[PDB]
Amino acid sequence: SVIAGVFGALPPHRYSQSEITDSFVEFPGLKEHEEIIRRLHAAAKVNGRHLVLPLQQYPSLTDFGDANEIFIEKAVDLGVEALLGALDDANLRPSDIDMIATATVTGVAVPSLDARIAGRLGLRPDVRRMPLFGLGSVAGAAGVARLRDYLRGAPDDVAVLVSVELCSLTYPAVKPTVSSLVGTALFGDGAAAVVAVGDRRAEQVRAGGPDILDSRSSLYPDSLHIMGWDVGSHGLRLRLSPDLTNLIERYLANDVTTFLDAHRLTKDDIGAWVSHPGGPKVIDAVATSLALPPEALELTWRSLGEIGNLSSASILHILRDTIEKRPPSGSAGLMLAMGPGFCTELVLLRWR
């Protein structure tokens, strides 16, 4: 399992953070909350976000069915763009793909995104499909890890993960509640794709990106309420408990120590950290938990600032950033994500 390509895609409509806010407080039913909205938006540490729709169109997006239908169309466009890009980076072709996995939590599609995506790209009719849905924000790391699991038993194959998250589209379910307003300060739209190859196929594809060495999932007891969707007539409504950061602060070290002990590594042996940008308070929690220097998580901070929180797609944008800035050849890399479960996922990388 060696990564051969990584690529991120973004919708063309980009808006500065306060632009978004300036219009948002004026949306129907939101002006009674200008103050908490401005505060929450200014404290998100996001400087701009890409929106799959013109900012001016969101107030009229009140029907879940309308929103989901648009999701299905845009999601497939962006996912195709990402996959095509990651294949370019790997210098590979659609026909070479033996297994495709898709991750999203922001739309409901049957047939799944992989069926549609594979239809658009002219993938082998016999390609193996794997649509993950319930995973959310953790599916970027967990998805890379599922690639390894597959390629571990299929050493000559090529596998891809595609992650599309169009968070702006969940708007119909947004209420002037604290947890939904937090989601309104953090989340943006985007996609990302990873092309990965088996051990036997790496050398003759000239697979560049890092090896995928291992992963470990960590599912916390009695924590369903930390992250989720309240699903209904209104669509997909965010559940976000305050206890989230406290959870990370109390258990994240053990997740990390248990996994690295297994490889006889310490936190110090990590050459590059690739963390999910849940938001200021969550990034702080990770740094505090693992006692990391301000520079360890700077590419995730940077990511949060430039494109916001992209659910599962963010950890892959950041991963691409990390690859570009060429970490020490042969050093360890750690992917660290968290999502609905509650769970965390850790992936072990080795930079080339």
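Numbers follow the displayed sequence, beginning with 1.
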Check the entry's C-alpha temperature factors for 25-33 and 63-71, then say which stretch has the higher mean.
25-33
In the PDB record, does 291-299 or 311-319 carry the higher mean Cα temperature factor?
291-299
Place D222 in the lowest, middle or highest third of its chain's C-alpha B-factors, as listed in the PDB entry.
highest
Could you tell me which third, lowest, middle or highest, the C-alpha B-factor of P328 occupies within its chain?
highest
Split the chain's modelled residues into thirds by Cα B-factor; is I20 in the lowest, middle or highest one?
highest
Please place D243 in the lowest, middle or highest third of its chain according to the CA B-factor in the PDB entry.
highest
Position of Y251 among the chain's modelled residues by C-alpha B-factor, lowest, middle or highest third:
highest
